[PDB]
């Protein structure tokens, strides 16, 4: 059960093309996991800065897992195919997943799990508050920090390992 898991690597998720991804493929990599939306006021800053971080740190082992989610103002209403083409317009080369829920009983189990981790706790409760919450995940799959919807992705850069 998701509650008993100790690492992101115990989970799987469908990517935006429908391929089932075992998240153990991220073992050994530092990851940013984020819920995305195409129709949010911070869509541009988040996509552009995530693409910039990936360009600068993929060769150090940074990976980015983007989960579309329509739970926040109906700001991700499109199909998975439309969302894939949208991300391609920002030159995304990181990993896009199929649309999910992040809150409530239908939330994807990875997201249920991240929200209860010691470093995954929110500033005022654990629910994801809006589009573009970010979790930094260490090479062992543990949550190391959470960044809310108003945090630009570039704020995560200082928190990456000293070897990056």
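Positions refer to the first chain, counted from 1.
Visitor: Test of understanding: from the entry's C-alpha B-factors, which stretch has the higher mean, 108-116 or 122-130?
Guide: Comparing 108-116 with 122-130, the higher mean C-alpha B-factor belongs to 122-130.
Visitor: So 63-71 or 38-46, which one's hotter by mean CA B-factor in the entry?
Guide: Result: 38-46.
Visitor: By its CA B factor, does residue 155 count among the lowest, middle or highest third of the modelled residues in the chain?
Guide: CA B-factor rank for residue 155: highest third.
Visitor: Please place residue 138 in the lowest, middle or highest third of its chain by C-alpha B factor as given in the entry.
Guide: Ranked within chain, residue 138 CA B lands in the middle tercile.
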